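So the structure is just underneath, and the comments pick up after that.
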Amino acid sequence: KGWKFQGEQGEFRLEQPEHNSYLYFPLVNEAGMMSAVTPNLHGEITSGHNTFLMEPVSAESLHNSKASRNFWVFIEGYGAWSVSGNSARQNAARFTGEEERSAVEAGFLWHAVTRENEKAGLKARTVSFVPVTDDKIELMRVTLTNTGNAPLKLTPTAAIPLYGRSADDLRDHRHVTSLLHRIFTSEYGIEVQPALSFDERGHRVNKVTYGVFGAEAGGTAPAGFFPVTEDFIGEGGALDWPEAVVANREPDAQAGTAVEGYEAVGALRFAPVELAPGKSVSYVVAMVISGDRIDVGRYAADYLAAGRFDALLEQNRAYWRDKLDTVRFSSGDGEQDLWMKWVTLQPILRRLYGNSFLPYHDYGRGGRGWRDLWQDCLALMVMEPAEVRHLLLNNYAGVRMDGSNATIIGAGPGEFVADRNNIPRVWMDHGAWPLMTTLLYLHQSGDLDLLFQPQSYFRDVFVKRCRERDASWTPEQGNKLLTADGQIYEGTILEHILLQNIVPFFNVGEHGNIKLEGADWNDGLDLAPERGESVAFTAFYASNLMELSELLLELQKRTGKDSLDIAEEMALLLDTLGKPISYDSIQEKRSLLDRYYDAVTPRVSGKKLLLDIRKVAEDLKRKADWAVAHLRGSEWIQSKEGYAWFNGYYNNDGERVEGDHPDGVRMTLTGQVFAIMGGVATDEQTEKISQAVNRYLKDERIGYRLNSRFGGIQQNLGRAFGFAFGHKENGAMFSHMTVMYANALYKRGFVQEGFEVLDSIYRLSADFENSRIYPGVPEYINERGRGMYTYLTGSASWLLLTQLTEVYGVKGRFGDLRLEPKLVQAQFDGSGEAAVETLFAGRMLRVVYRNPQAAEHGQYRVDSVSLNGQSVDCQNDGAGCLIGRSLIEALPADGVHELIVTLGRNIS
Amino acid sequence: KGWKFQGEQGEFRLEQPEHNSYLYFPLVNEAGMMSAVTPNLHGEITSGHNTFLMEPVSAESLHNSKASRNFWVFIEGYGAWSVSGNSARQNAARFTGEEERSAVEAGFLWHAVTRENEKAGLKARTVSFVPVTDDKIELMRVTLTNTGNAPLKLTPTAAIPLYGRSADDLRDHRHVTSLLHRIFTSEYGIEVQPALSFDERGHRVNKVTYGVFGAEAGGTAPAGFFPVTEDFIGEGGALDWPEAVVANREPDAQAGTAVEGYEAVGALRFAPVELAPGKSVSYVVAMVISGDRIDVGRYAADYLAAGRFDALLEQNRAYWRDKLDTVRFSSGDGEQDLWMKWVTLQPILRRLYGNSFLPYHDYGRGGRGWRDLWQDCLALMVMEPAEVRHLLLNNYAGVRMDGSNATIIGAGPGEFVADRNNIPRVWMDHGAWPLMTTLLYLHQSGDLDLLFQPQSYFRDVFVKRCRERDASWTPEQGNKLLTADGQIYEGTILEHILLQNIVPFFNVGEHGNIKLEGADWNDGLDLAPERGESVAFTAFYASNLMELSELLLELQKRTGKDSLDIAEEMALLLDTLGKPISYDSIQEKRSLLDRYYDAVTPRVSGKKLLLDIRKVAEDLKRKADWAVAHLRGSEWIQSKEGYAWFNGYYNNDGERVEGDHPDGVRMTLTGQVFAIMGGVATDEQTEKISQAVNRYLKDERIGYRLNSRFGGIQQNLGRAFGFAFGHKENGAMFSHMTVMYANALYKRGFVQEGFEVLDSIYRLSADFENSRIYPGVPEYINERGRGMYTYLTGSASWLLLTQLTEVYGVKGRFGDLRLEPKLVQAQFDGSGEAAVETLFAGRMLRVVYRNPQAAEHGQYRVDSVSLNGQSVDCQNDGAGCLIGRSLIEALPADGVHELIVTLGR
Ligand SMILES: [Cl-]
Ligand SMILES: [Cl-]
Ligand SMILES: [Cl-]
Ligand SMILES: [Cl-]
């Protein structure tokens with residue numbers, strides 16, 4: 001019943017594709033055309049929240065709305081027929097065993113729908129893609145073929161239903177705003193340019209223009225048009241059975257006609273044609289969004305002229321092949337290797353959609369959040385590392401002097417927007433992710449000097465981590481932290497990082513773990529700001545502080561830096577250097593944090609202290625050691641049944657969330673992941689955690705759940721518990737957290753367990769009968785096994801990163817290349833090999849692991865390593881081998897350089 | 001081919017009704033169930049913005065969404081079939097000449113869709129109505145009849161697609177919010193009660209429950225259910241072709257099943273049945289919204305038991321017949337008389353829908369605006385007068401001490417909400433409508449003492465007609481104007497009225513007419529707050545001031561009141577009493593108004609002056625005379641062609657809006673109406689205005705336009721000009737203003753002209769081929785002749801009122817009954833009669849005008865008047881005859897009392 005890969009480049013085919021609800025496929029470009037296309041050509045087309053070409057949709061629209069893209073043929077002796085099956089007549093064959101043969105084929109990045117009218121002897125194939133040009137444009141090519149024994153007489157009509165305004169107008173002033181429409185017909189099609197826009201921006205003049213144009217393959221313009229939706233469908237008609245097509249009416253309008261005040265359709269009537277047996281005719285349709293009236297002449301020459309569609313499709317295929325060839329996996333599981341190419345696409349899709357504008361993602365307006373700033377750097381480090389350094393530098397401008405950060409991202413490089421009107425949430429984990437991302441950069445690049453670049457701090461009306469409003473703020477101060485004498489304060493990137501991690505350490509709740517604030521990574525743990533605690537992310541901050549300590553000593557060891565320049569007020573938080581407070585006292589830690597807040601609000605002095613890098617490291621290690629001992633001694637729990645794991649949470653009544661409970665044990669995956677990843681969990685505790693996970697969270701049908709079932713809503717904890725169990729942030733297999741769990745297991749050497757987790761995600765995703773999704777990893781697998789919120793999920797970045805840097809084990813260590821395979825025997829192919837092609841230190845490498853002895857992980861070691869046909873010496877034997885960055889950089893820039901790692905068995 | 005009336009109570013029928021786009025019919029009750037139903041059973045069902053049972057829709061949804069109410073029959077030998085024609089199979093017959101025979105019949109207040117499957121020998125009839133009980137409920141009865149020669153085997157499935165949450169979720173978090181759904185099945189159907197609500201109110205616990213229940217005619221419960229929409233439609237299915245029906249699957253769920261996290265459908269599978277030739281089976285479906293989980297047992301007993309649908313439908317018919325029988329017209333145009341019964345319904349509909357929740361009305365959230373507070377009193381004064389006095393008193397609490405008013409209406413009696421976050425618009429005409437409404441009340445009731453009742457004034461952060469923010473404001477001031485000593489200030493209703501009308505007099509622009517502010521009645525004249533002027537409403541205020549003057553002298557003449565108690569600071573604005581300023585000086589009028597504003601901001605002193613009622617009247621007449629002379633002398637314009645009329649507007653560049661212009665003369669209807677109505681236009685000017693209207697605004701196809709064509713957007717005037725010409729506030733036949741034009745013409749004795757106007761509205765509305773609406777008056781007739789924004793339009797209140805008080809001429813004069821017919825000869829029936837049944841001074845009267853000499857208007861007069869078979873004396877010959885209120889009040893309370901007015905030459 002499912003899709004099947006064809007060829008070796010990731011192309012797939014699915015038979016009878018409209019027999020599955022809710023399917024859609026993405027077409028997008030950098031210019032900003034963002035489309036979704038279903039098996040009957042429904043979906044949406046937009047350049048932003050305020051500029052939808054086709055009507056904004058959600059999931060239920062995909063079956064319930066008749067307004068798909070469409071292309072009609074009026075077939076002599078048969079009548080009206082949709083090339084995608086979206087007509088009332090064709091839809092009425094569903095569930096009667098009389099459905100027409102159909103298929104979807106797709107690739108990088110294009111989509112093809114096929115259909116056969118056996119009765120009439122007609123076949124159609126409709127190819128959709130977004131060209132890789134600088135226009136906001138989607139193209140469609142319909143090819144019709146006479147498969148029968150006699151000539152067919154056909155009258156074609158393209159029909160792209162238009163919306164042409166803000167999603168704010170979907171219902172609210174939907175009809176009123178239709179009165180603002182202005183339609184202009186020209187030789188090749190229809191433009192709609194509303195006179196005004198009425199939406200949440202207010203009432204303004206509009207110039208944005210939405211166009212539908214078309215031509216025959218040979219360049220011939222349409223014979224005429226039906227630009228007005230109500231006239232096209234006819235009195236009592238609809239877009240899946242429109243009178244103009246069904247009664248084969250003469251066109252309403254020719255070129256040069258203007259019509260005002262009506263909903264519009266890009267309905268293009270082509271000349272009738274006699275199609276000989278075995279012959280084809282094709283039509284090209286272009287859907288365009290532009291900032292002003294369209295130069296229809298240029299668009300016709302560029303997109304509709306004979307041969308342009310085909311040339312541009314080849315350009316699309318080459319551009320996407322080039323983007324995705326930066327990472328290629330090769331293993332014994334060829335299907336998973338191909339599925340991984342789709343995973344590899346997803347991080348790009350998230351960037352170019354702004355996590356929005358696909359049917360399930362029905363609320364996004366295309367912006368970026370704080371998390372995205374750091375997360376987007378993960379795939380880029382592997383696939384396109386040139387801009388990573390600049391992004392990281394810019395991102396740190398968003399940090400406040402209390403360690404919190406701006407939460408609305410602006411247009412410009414390192415631009416952040418203050419909202420003085422809405423009191424914003426603080427997410428307690430926002431300070432943890434930046435160091436994780438930045439450390440990866442440091443280890444891939446070797447660019448330790450990034451840490452000493454200067455950067456400003458964000459400043460707005462909100463102080464003491466949004467606990468109060470500063471009465472002294474003005475528009476005249478601007479959005480940057482100021483010194484006493486009025487200058488923009490600048491500190492090192494490292495100063496920003498230290499602040500982000502040290503502040504949460506002191507911001508403890510009544511049970512001594514770091515406060516939940518408005519939520520952590522689970523945005524649905526939003527109802528415990530007063531007394532909630534994220535033990536889960538206390539582990540992450542503990543680990544961050546420890547890594548920082550190690551980082552600083554390594555900076556001294558490598559850079560020779562003996563000193564750190566830090567704002568003088570931050571010396572209060574590095575209490576180990578002066579008069580140390582008791583970290584066992586919640587009162588003392590909170591009081592100290594209050595003194596710090598007072599010292600830096602509204603302004604800093606601008607004086608900096610130069611502090612011994614070892615002494616700062618020592619302070620960070622004291623904090624980290626304290627947190628580790630506290631978590632192990634106070635937050636390690638056990639059920640009566642005998643399983644044990646880490647409590648992740650305290651609720652808004654100050655109660656421990658996890659453990660035994662009426663109606664079942666309560667456990668969270670999030671409470672385990674960072675404990676494992678960061679080392680708070682001992683090896684023994686990690687083994688025990690994995691047993692508890694497998695007992696309480698691992699579902700036989702849907703895999704590793706985010707949490708076990710809490711009965712009913714949990715109004716002292718979060719809105720997540722209002723979702724049905726097994727959906728979204730309540731107990732679904734939430735891919736992002738599950739992948740991080742696997743990553744954590746691989747990091748700690750629990751390779752078979754890690755493998756099981758990663759393999760479960762793939763198996764679930766690829767089990768089409770239940771998942772009902774195309775190749776890729778979804779945001780979650782739900783209670784019924786369905787894949788939900790496709791393509792845009794951050795889990796793809798983590799899956800890609802984990803497969804590369806943990807499973808195949810190709811990763812940087814201070815700029816040097818560390819190779820440490822964690823492949824299991826089953827992953828090696830019929831030639832005893834598994835390989836990855838990957839970019840490192842500006843060179844493309846094919847890292848090939850040879851396991852001729854077919855040893856399991858734990859039974860093998862690196863016997864020898866060769867590069868470009870020559871022996872490489874390595875500065876390690878245990879763990880894995882380490883190759884100096886110079887040897888990579890010395891390779892030629894052109895071509896793929898093969899690096900062969902031969903694996904042999906262990907002695908004794 | 002249009003609708004046709006059947007019988008004499010306003011019931012109509014339309015053949016092949018789904019052959020027309022966008023049709024819908026309203027079903028509503030006082031309890032708050034608000035529904036729309038189309039010929040294929042689409043539309044919507046809601047109790048408010050946040051509590052939609054069926055998905056929120058606009059006009060395009062009515063064809064584009066498959067999620068109609070539906071009822072399916074799986075017919076052995078034929079397969080799946082929709083009783084309303086909404087299946088993929090049946091829709092595919094449209095435009096092929098193979099469509100099934102169908103009809104809509106409707107009445108007060110119910111709807112019936114019929115359909116025939118000729119192939120199978122099956123007929124269906126589906127009746128929808130909202131019971132007039134205290135529940136928020138819609139009922140549906142489907143009756144199936146075997147019209148063939150052999151038994152039919154039928155499997156029925158009701159299917160009401162559910163939404164069950166806020167319109168805010170239509171797309172935004174549509175899917176996320178589906179995860180909050182909780183579905184519960186019981187013996188008689190399906191309940192959906194979301195665990196939480198996520199909408200513009202925030203994230204909250206929800207208890208509201210949406211139910212779909214059903215039974216066979218005899219009370220037998222459904223055999224089972226398909227509560228989950230995706231399971232009902234099946235993989236790749238849709239609501240117009242759902243697998244559960246099409247493949248005739250066994251039910252997914254029985255009573256006692258709970259399902260969480262999925263969009264829901266009220267899909268009720270009834271037991272299969274063998275239907276004999278000629279025989280019928282019926283099913284009843286109930287759609288319910290409740291504040292908490294539904295007592296399904298009680299609903300089954302009350303709504304699903306054998307015979308309850310029929311009893312409740314009869315109760316519905318009797319309730320609505322009783323509401324609408326308060327006004328009945330009878331003339332030579334029987335069809336118009338019946339169409340007027342639908343017009344008579346509309347003011348009730350506007351109240352019970354809150355001008356919202358019908359497909360075209362896709363933005364209203366069910367509240368009331370300032371205008372509604374006064375406008376709603378119009379229909380109530382003639383249909384249901386008991387609460388009118390209380391409403392009027394409460395409404396005046398919303399006036400600020402600068403004559404402006406609150407624009408957000410609250411929950412409680414005379415509750416008004418401060419806006420606070422948005423700097424709000426001031427609508428310059430908001431102060432004019434209250435006196436108009438109140439004067440009508442005074443003349444219908446005789447209750448002159450209303451004018452002396454005390455009332456507070458509204459107070460918020462906005463002062464000087466929202467030109468500045470009060471620096472002294474806090475939450476601790478509260479929502480009411482305070483005295484110097486800290487007391488809530490109270491002034492008479494008359495004080496409020498005087499203020500509302502005197503302030504605009506001084507608030508003049510650079511050309512000397514009253515400032516446009518954020519708009520007048522045309523809400524789309526919103527882009528000239530700095531320099532715009534509404535000459536149009538300057539005429540209305542001029543007339544109001546003159547009527548006030550007359551009112552005060554009449555108060556003295558009747559009440560014996562020699563004094564008016566008025567806040568001392570308002571004496572500044574009655575400058576005729578002290579040191580008069582020059583009304584010819586814009587500077588002096590504005591300066592004086594500034595001194596007044598300063599005197600009452602932030603507080604009044606609380607001291608009142610007693611002022612001679614004649615002297616106040618004299619001040620008001622001076623103002624009114626000044627305004628009249630200024631408008632006649634400065635705003636009367638003429639085109640080069642020789643037509644002449646009143647300029648209505650100055651734009652934000654201080655330019656005169658109307659007159660000759662490149663690409664065509666610019667004229668507004670609004671600039672004429674109040675000039676005529678209020679007397680600013682002389683009789684000569686009124687004749688000339690009517691010629692100019694007919695020349696520039698009267699379209700042969702669509703009737704009296706609101707304005708002539710201004711080419712392109714007009715960003716120094718208003719957003720209205722961004723609408724396509726002939727739509728909404730840009731040049732459509734906008735019924736409300738056109739009716740007021742007619743009213744104005746009748747008032748001034750231009751009866752043939754008035755008749756033409758009113759008759760055009762009817763003809764346009766009833767020309768179904770173009771209008772494509774059911775009986776009633778629409779908000780506008782558009783460029784293509786289509787009726788738009790049906791049912792809820794305030795034009796119905798004006799049409800009703802004008803037909804009663806001007807055309808038939810049955811109106812109050814200080815509580816006495818004045819009869820002054822303005823019927824044309826063609827309006828009299830074959831017996832030479834035209835009549836109106838109407839409620840006056842608490843009695844139902846049938847006023848019959850007999851015109852045996854067939855005289856035209858202007859050629860006839862009142863020869864004699866008789867009441868219940870006895871001669872009535874009249875205290876008037878000129879204008880019309882006047883009957884003392886006592887003679888009416890002395891009549892018996894039960895029954896309709898006939899009052900025969902014989903007309904001679
Ligand atoms: Cl067929
Ligand atoms: Cl956003
Ligand atoms: Cl058929
Ligand atoms: Cl509202």
Side-chain angles (χ1 to χ4, degrees), chain A residues 58-60 360-363 425 427 516 518-530 532 534 648-649 651-653 655 657-658 661-664 666-670 705-734 737 779-780 782-784 786 788-789, chain B residues 50-52 162-184 191-210 227-229 258-264 291-293:
Chain A
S58 186
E60 300 304 303
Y360 285 124
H361 288 79
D362 60 23
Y363 55 89
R425 290 166 69 192
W427 288 261
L516 187 62
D520 63 9
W521 176 97
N522 191 337
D523 301 330
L525 301 177
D526 62 331
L527 299 169
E530 285 82 22
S534 179
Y649 296 99
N651 65 31
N652 211 42
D653 296 306
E655 297 162 348
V657 168
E658 301 194 40
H661 190 277
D663 311 290
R666 291 179 172 192
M667 180 176 182
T668 71
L669 187 57
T670 310
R705 296 180 181 271
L706 186 59
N707 52 280
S708 55
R709 192 192 316 252
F710 292 40
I713 65 179
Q714 307 294 321
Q715 294 297 101
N716 65 357
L717 184 49
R719 72 166 198 269
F721 295 100
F723 296 146
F725 185 65
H727 300 270
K728 264 277 198 206
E729 290 100 341
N730 192 9
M733 197 297 291
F734 205 100
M737 190 59 60
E779 180 187 77
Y780 66 95
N782 76 10
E783 192 63 8
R784 295 193 175 188
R786 213 186 193 88
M788 303 297 301
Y789 291 77
Chain B
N50 295 307
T51 53
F52 277 82
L162 290 169
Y163 178 78
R165 57 204 191 269
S166 185
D168 298 342
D169 299 340
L170 180 59
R171 172 171 179 270
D172 190 308
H173 290 88
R174 175 59 178 273
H175 182 269
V176 153
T177 55
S178 77
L179 306 178
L180 307 167
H181 263 17
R182 304 288 184 269
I183 302 165
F184 311 92
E191 282 174 89
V192 184
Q193 183 195 44
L196 304 170
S197 65
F198 301 172
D199 49 49
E200 285 168 4
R201 302 169 295 178
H203 295 170
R204 306 175 168 184
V205 170
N206 168 75
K207 289 191 174 321
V208 179
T209 303
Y210 308 85
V228 173
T229 300
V259 177
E260 307 189 345
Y262 285 89
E263 298 284 13
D292 207 336
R293 289 296 297 281

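In what follows, every chain begins at residue 1, and chains take the letters A, B, ... in the order their sequences are listed.
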Original post:
Can you find a pair of side-chain heavy atoms, one from B:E263 and one from B:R174, that are under 4.5 Å apart?
Top reply: yes
Original post:
Do you know which two heavy atoms are closest between B:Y210 and B:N50, and how far apart they sit?
Top reply: OH-O, 3.9 Å
Original post:
Which residues pass the ring pair (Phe, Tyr, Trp, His ring centres under 6.0 Å) test with A:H361, sequence neighbours left out?
Top reply: A:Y789
Subject >> Closest non-hydrogen atom pair, A:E729 against A:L706 >> reply: O-CD2, 3.6 Å
Original post:
Side-chain contact, heavy-atom cut-off 4.5 Å: A:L527 with B:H203?
Top reply: no
Original post:
Residues two or more places apart in sequence or in another chain: which of them pass side-chain hydrogen bond (donor to acceptor under 3.5 Å, both in side chains) with A:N522?
Top reply: none
**OP:** Output yes when a side-chain donor or acceptor of A:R784 lies under 3.5 Å from a complementary backbone atom of A:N782, and no otherwise.
**Re:** no
Without placing hydrogens or testing angles, list every side-chain donor-acceptor pair under 3.5 Å for residues 193-200 of chain B, not counting sequence neighbours.
unit_1 : atom_1 : unit_2 : atom_2 : d
B:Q193 : NE2    : B:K207 : O      : 2.9
B:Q193 : NE2    : B:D292 : OD1    : 3.3
B:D199 : OD1    : B:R201 : N      : 3.1
B:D199 : OD1    : B:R201 : NE     : 2.9
B:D199 : OD2    : B:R201 : NH2    : 2.8
B:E200 : OE1    : B:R365 : NH1    : 2.8
B:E200 : OE1    : B:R365 : NH2    : 3.3

Subject >> Set of residues satisfying salt bridge (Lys or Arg N to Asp or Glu O under 4.0 Å) with respect to A:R666, sequence neighbours excluded >> reply: none
Subject >> Pairing residues for A:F734 by the ring pair (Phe, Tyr, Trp, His ring centres under 6.0 Å) criterion, not counting sequence neighbours >> reply: A:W521
Subject >> Pairing residues for B:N206 by the side-chain hydrogen bond (donor to acceptor under 3.5 Å, both in side chains) criterion, not counting sequence neighbours >> reply: none
**OP:** With sequence neighbours excluded, tell me which residues meet ring pair (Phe, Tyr, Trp, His ring centres under 6.0 Å) with A:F725.
**Re:** none
**OP:** Please test B:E260 against B:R182 for side chain to side chain contact (heavy atoms under 4.5 Å, CB included), starting from the C-alpha separation and ending with a verdict.
**Re:** CA-CA 5 Å; B:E260 307 189 345; B:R182 304 288 184 269; 3.5 Å; yes
Subject >> Partner residues of A:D362 under the side-chain hydrogen bond (donor to acceptor under 3.5 Å, both in side chains) criterion, sequence neighbours left out >> reply: A:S58
Subject >> Side-chain (B:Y163) to main-chain (B:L170) donor-acceptor, under 3.5 angstrom >> reply: yes
Original post:
Do A:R719 side-chain atoms and A:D523 backbone N/O form a donor-acceptor pair below 3.5 Å?
Top reply: yes
Original post:
Are any side-chain N or O atoms of A:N651 and backbone N or O atoms of A:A528, one a donor and one an acceptor, separated by less than 3.5 Å?
Top reply: no
Original post:
Can you tell me how far the CZ atom of A:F723 sits from the CG atom of A:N730, to the nearest 0.5 Å?
Top reply: 8.5 Å
Original post:
So, A:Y649 and A:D520: side-chain donor and acceptor under 3.5 Å apart, yes or no?
Top reply: yes
Subject >> Partners meeting side-chain hydrogen bond (donor to acceptor under 3.5 Å, both in side chains) with B:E191 (sequence neighbours left out) >> reply: B:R293
Donor-acceptor pairs under 3.5 Å, side chain of residues 710-717 of chain A to any protein atom, not counting sequence neighbours: which ones?
unit_1 : atom_1 : unit_2 : atom_2 : d
A:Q714 : NE2    : A:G711 : O      : 2.9
A:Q714 : NE2    : A:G712 : O      : 3.0
A:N716 : ND2    : A:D653 : OD2    : 2.8

Original post:
Residues two or more places apart in sequence or in another chain: which of them pass side chain to side chain contact (heavy atoms under 4.5 Å, CB included) with A:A519?
Top reply: A:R425, A:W427
Original post:
With a 4.5 Å heavy-atom cut-off, do A:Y363 and B:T177 have their side chains touching?
Top reply: no
**OP:** List for me each residue that meets side chain to side chain contact (heavy atoms under 4.5 Å, CB included) alongside B:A264, sequence neighbours excluded, and say none if there are none.
**Re:** B:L162, B:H181, B:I183, B:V192
Subject >> Within-4.5 Å side-chain heavy-atom neighbours: A:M667 and A:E658 >> reply: yes
Subject >> From CA spacing to verdict: side chain to side chain contact (heavy atoms under 4.5 Å, CB included), B:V176, A:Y360 >> reply: CA-CA 9 Å; B:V176 153; A:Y360 285 124; over 6 Å; no
